[PDB]
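Just so we're aligned: the first sequence equals residues 4 to 247, 258 to 365 in the authors' numbering.
Below is one structure; the comments refer to it alone.
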Amino acid sequence: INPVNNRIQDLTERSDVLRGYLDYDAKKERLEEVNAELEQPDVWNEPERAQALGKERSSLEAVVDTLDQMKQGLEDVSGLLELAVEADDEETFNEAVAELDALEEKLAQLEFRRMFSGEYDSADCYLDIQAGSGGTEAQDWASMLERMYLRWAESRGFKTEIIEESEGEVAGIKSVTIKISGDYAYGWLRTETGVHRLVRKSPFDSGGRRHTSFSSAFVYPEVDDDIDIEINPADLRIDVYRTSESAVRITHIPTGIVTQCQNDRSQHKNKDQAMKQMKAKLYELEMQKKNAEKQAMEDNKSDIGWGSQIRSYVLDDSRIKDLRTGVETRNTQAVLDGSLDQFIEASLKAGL
RNA sequence: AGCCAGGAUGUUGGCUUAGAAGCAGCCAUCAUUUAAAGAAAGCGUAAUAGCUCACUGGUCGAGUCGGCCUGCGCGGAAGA
RNA sequence: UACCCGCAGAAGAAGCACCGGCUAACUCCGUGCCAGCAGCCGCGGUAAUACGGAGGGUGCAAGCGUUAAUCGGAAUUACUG
RNA sequence: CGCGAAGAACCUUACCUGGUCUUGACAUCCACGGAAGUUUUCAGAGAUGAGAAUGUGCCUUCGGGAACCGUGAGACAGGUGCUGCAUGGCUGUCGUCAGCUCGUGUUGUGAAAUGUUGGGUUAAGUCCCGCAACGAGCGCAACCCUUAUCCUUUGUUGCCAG
RNA sequence: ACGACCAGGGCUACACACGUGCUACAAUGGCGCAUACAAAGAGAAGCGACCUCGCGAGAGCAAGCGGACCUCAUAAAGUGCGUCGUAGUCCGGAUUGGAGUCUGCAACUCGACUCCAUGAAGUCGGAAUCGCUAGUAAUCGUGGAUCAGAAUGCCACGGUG
RNA sequence: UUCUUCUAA
Ligand SMILES: [Mg+2]
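As structure tokens, this is what we get:
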């Protein structure tokens, strides 16, 4: 009963936490009007507007009513815990044990529906990182950020896969494209595009003078064979490079952006990758613009476009600080092992 | 041939929707008061409903039906 | 009208800028090359008298700062020089 | 880079993986309860769980304390967590390199220069001479430890010529 | 809990790269026998004679000694005699098998050692590069620290030169 | 005889 009573408590604890994060009254005050608009039979005279109101009314309802059913079923747990203790029956005692568990899973999906309320979360994504303009500092600095997500998607458990591998000569790597793969990999990584800043005293410096570096991050969902727009082969620059003669360089001229594939000994599959690369890249270039037409450039990761300081990494002090949410940590290497996931949910539970 | 009547029981299969009901539909498609009537022919509904079919008997009082072999046709088949 | 008389009671009546040096006046805290500041030298890349806030202190005063503009300083067109 | 670490089978050990704990393993304070101590059992990988007899050393008109346990309450603990560009301490390095400086003095507007230079000389800013410098300090030398030889002393567990 | 404990693991992994070492590639050597030859330490839960057995590692007995007394503890190269006779060797010993000794709760990871078997590479090492100026280089042993056990390391010590 | 270059508190 000692885990069970905390399993009454800690379950009900996070229940009211989610009640704030919905702002389900802003759903419900809309809903209650939409309910009054529904039972108004004038909603049916435009039956298109009826389902646009009423199937939305159903969409407004059960998302709110989950949390209502969360508090209501937890009342029956402690009531059966009352009937567990004042009448010591081991069934009702274990009914306080067993039927308690069925509560959270109602919220556990819906909080997952609330956290991943973003639309193309369920797809996976690709990764696009260049070393910044720090210098030889930066090339290493990308290769650190290389393994950080490698260990992350190892730890989070996604299929890592090097689409493209470019290098800095003296230190680290210059730029990279990698296929991440699995459930909600764009669900995670959509909140982590852009600037990652190195600040440490430079061994590359002849003295130990404190220099600064940067790197890029860019995340775009795997949405080819899901998005209907086809790449025009004219802006699709046909260009060939080599394996690491079979590799295919694609330069999308009008938006000036590129994508590649390097590994396939068959040249077509380097291209067959790069079609999947670029069509996913064009749609993200559309959908970053599209959530910029939602209100403004606000419902994406605020203002990516090189204002993306969303995490910045300080090493001599060994502090790592988020910027799009602003959550901090000292366990710098754990984040380099992939405790960057705490920053992802920092974006998601803040609603970014 | 028409013509009179019905055209059914439910779990209106689940679905998942626009509400999904023989009839948008993924999908089973049963039992059922049976003269018969299908988890249905189509149309219709926003869906149901509405029309309506198969169907069944009532009426009708000679055949009826569409195959195949062919004979000759016919359309297709507009120019300075 | 000036001007005077009573009435009433502390009553109805103070703010703005500044404090790294230049230049009179400082600490605390937020903050970490960000946000910013700034006439100049120049500040802020975790301990900021230079940022922001606090308290404190300086400077004016029904004003106080900023900008604009002028000559001075500038002997920096040097008659003087 | 046979470095920390003069010596990781567990220990060490900080690490990894599970089992565990939250005034805590460790201090002090505080009350509360039992002398402390002593033996055993199972449960448990063990951390620990319930058993099992015991005890009264020390003082008192003595909570049973002073001894030691356990409980409560917290004040507090704890950190091999960060920072050797916040530090002390300590250490390498140039390098046992011969250099580094000061005082007053004079010189230059001054920064500075002078001496400390120059010449002979030394392993050495070592010495001498010259010397607007003259002095002083730290030094590079000497004092020290050992060995090289001799004398005296004492001669056992050391010595054996006679 | 960046705190406290416990077990097990790991710190010893392993395509690699480098430093520092050690041992060899032999005949000035190997082997065998015989034999001359130290210095400096350590020692009480320690050193442990002697004896016994164990091929050996050891065990058992068990003195002695806080040590100029006893023990660790014969130094080793050397020398003398023989042997190998220029070969992957009677060089050299890697590796591995089997059987043990021993430490310590306990030797899988992950100890040390004995014995038997095994007999790799290696036949003087690129460009380069290190040390050292006299008891030095060179090579010969020995002790100590640390330490249940566990040193080619380290710290010392004498031998030849 | 020949021989260069040293990111940005
Ligand atoms: Mg080397």
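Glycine residues also receive a C-beta, built at the ideal position from the N, C-alpha and C atoms.
Can you list, in chain order, the stretches of the alpha helix (DSSP H) that have 4 or more residues and sit fully within the segment 37–108?
50–88
Taking only three categories from DSSP, how would you classify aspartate 231?
coil
Return yes when the Cβ of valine 80 is within less than 9 Å of the Cβ of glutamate 94, no when it is not.
no
Counted within 10 angstroms of its Cβ, other Cβ atoms place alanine 145 as buried (16 or more) or exposed
Buried.
Is the beta carbon of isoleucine 263 sitting closer than 9 Å to the one on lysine 284?
Yes, they are a contact pair.
Own chain partners of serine 259 with C-beta closer than 7 Å, once the 5 adjacent residues on each side are dropped
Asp277, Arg278, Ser279, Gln280 and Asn283
Which same chain residues, not among the five before or five after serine 218, have their C-beta less than 7 Å away from its C-beta?
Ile132, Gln133, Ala134, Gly135, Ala141, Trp144, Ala145, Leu148 and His199
Just to confirm before moving on: does the CB-CB distance between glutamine 273 and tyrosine 296 stay below 9 Å?
no
Please determine whether the Cβ atom of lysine 182 lies at a distance below 8 Å from any heavy atom of ligand 2.
As far as ligands go, the structure on display features ligand 1 and does not contain ligand 2.
Check this for me: beta carbons of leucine 63 and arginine 33, under 9 Å apart or not?
Against a cut-off of 9 Å, the Cβ pair of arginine 33 and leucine 63 comes out as a contact.
Buried or exposed (CB count within 10 angstroms, at least 16 for buried), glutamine 308:
exposed
Are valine 67 and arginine 116 close, meaning C-beta to C-beta below 9 Å?
no
Roughly how many angstroms lie between the CA atoms of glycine 175 and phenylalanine 119, to the nearest whole one?
34 Å
Give the DSSP-derived three-state secondary structure of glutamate 114 in the structure shown.
In the structure shown, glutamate 114 falls within a helical segment according to DSSP collapsed to helix, strand and coil.
Could you pull out every unbroken alpha helix (DSSP H) segment of at least 4 residues lying fully inside the segment 170–241, listed in chain order?
Here the runs fully enclosed are 188–192.
Contiguous alpha helix (DSSP H) assignments of at least 4 residues, all confined to the segment 259–329:
280–303
Count the other C-beta atoms from every protein chain shown that fall within 10 angstroms of the C-beta of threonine 69, then say buried if there are 16 or more, exposed otherwise.
It counts as buried.
Contact set for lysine 30: own chain, Cβ-Cβ below 6 Å, skip 5 residues either direction
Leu63 and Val67
Evaluate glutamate 114 with the Cβ neighbour count: other Cβ atoms within 10 Å of its Cβ, from every protein chain shown; 16 or more gives buried, anything less gives exposed.
buried
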